[PDB]
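Here's a solo chain for you in structure tokens, the form deposited in one PDB entry.
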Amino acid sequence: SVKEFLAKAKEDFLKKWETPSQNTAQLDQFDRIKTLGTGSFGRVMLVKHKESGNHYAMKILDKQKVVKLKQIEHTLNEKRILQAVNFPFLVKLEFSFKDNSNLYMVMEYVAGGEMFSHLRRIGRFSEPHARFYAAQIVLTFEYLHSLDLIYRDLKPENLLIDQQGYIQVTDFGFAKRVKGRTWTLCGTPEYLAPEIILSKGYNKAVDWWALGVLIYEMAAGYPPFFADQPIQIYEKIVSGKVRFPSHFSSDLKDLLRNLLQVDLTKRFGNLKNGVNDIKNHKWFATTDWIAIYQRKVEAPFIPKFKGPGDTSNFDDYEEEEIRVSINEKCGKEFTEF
């Protein structure tokens, strides 16, 4: 029974939402090894936890950069939510803390790398491969949405492949607990729903739009709407005209027309039957939703793993000193972190 599972899941989440974890480690408990990845204003490092010997991924945020980009509320959101959630395809936050200069979120290290790099290297995924991933996102969104959470940053760069070949969603930077509508222009351009772009107000159905983009991109090897500049991308999205590769199944194309639907009254995920319109679509007919939840399905691809702190599934990045001022910065701003 999904109903009962989700009901208890909400109880668990709310407890943590109401009284969040805080200050569960400190910087000198870790040796910093190397950068795994970056975003517009964050850096993630592979690190080794001294007393356990375990490896982790440490997301480092410079408080002054957070502020300068007006991302305070988003960042508080990110940590508040991440610390509260619990789902098989969501990355685990293991520790969090702050110091004079930075905020830290220490996650489980997902050593298989970004879906992005595999996708680009391989070129595209078969429909069964794409479907395997897609199913995970469907369930994750079912989970998140049920808690009044909107994710808002679905993309291959934010999806990690684990040692079993299953997905782990990372980057809750734009996650928000909202009942009804919100207005922030945030996300990644190729993935933005038309209603985000048009400053209309929008709800959780943007996540379902993004799922469409994701499936297309996984299946095609390129996104449904691309161009050299974000503004050209926005024009295309807003037109909503979509073309599909020759090799796309009929089933696939039908699903995507219903996900990349510019009309909210028509978009799958946002109808009377909700996620069930997606789950019961012919394209997912072969999907055993429970088996997926339980991680019992055989993964199409399992990343090569060589030891505990192997990073060979990740690109190399330019390193920089992790500076900590002797003066506390933005103390008030980040009190609850």
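Between two forms, the rigid core is the largest collection of C-alphas that superpose within 1.5 Å. Counting begins at 1, following the sequence as shown.
Trainee: Taking the other compared PDB entries with both flanking residues modelled, is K306 unmodelled in at least a third?
Mentor: Yes; at least one third of the other entries leave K306 out.
Trainee: Please check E321 against the other PDB entries of this protein that were compared: is it missing in at least a third of those that model both its neighbours?
Mentor: Residue status for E321: no gap in any other entry.
Trainee: Can you tell me whether 93 to 101 has a higher mean C-alpha B factor than 199 to 207 in this record, or the other way round?
Mentor: Averaging CA B-factors over each stretch, the winner is 199 to 207.
Trainee: Pick between 186 to 194 and 231 to 239: the one whose mean CA B-factor in the entry is higher.
Mentor: Going by the record's values, the stretch with the higher mean is 231 to 239.
Trainee: Which third of the chain holds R152 when residues are ordered by C-alpha B factor: lowest, middle or highest?
Mentor: It falls in the bottom third of the chain.
Trainee: Among the chain's modelled residues, which third holds the C-alpha B-factor of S312?
Mentor: CA B-factor rank for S312: highest third.
Trainee: Please place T24 in the lowest, middle or highest third of its chain according to the CA B-factor in the PDB entry.
Mentor: Lowest third - that is where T24 ends up once the chain's C-alpha B-factors are sorted.
Trainee: Ordered by C-alpha B-factor within the chain, which third holds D162? Give me lowest, middle or highest, please.
Mentor: Highest third - that is where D162 ends up once the chain's C-alpha B-factors are sorted.
Trainee: Going by what the PDB entry lists, where does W283 fall on CA B-factor within its chain: lowest, middle or highest third?
Mentor: It falls in the bottom third of the chain.
Below, we turn to the form deposited in another entry, even though it does not appear here.
Trainee: Which of the listed residues (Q136, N158, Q71, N258) moves its Cα by 2 Å or more between the shown form and the other one when the core is kept in place?
Mentor: With the rigid core superposed, the residue that stands out is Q71.
Trainee: Once everything's superposed on the core, is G274 shifted 2 Å or more at the Cα between the shown form and the other one?
Mentor: After core superposition, the C-alpha of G274 moves less than 2 Å between the shown form and the other one.
Trainee: So that I can tell if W283 moves, could you say whether its C-alpha shifts by at least 2 Å between the shown form and the other one after the core superposition?
Mentor: Comparing the forms between the shown form and the other one, which are aligned on their rigid core, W283 does not shift its C-alpha by 2 Å or more.
Trainee: Core-aligned, does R295 move its Cα 2 Å or more between the shown form and the other one?
Mentor: Stays below the 2 Å threshold, so no.
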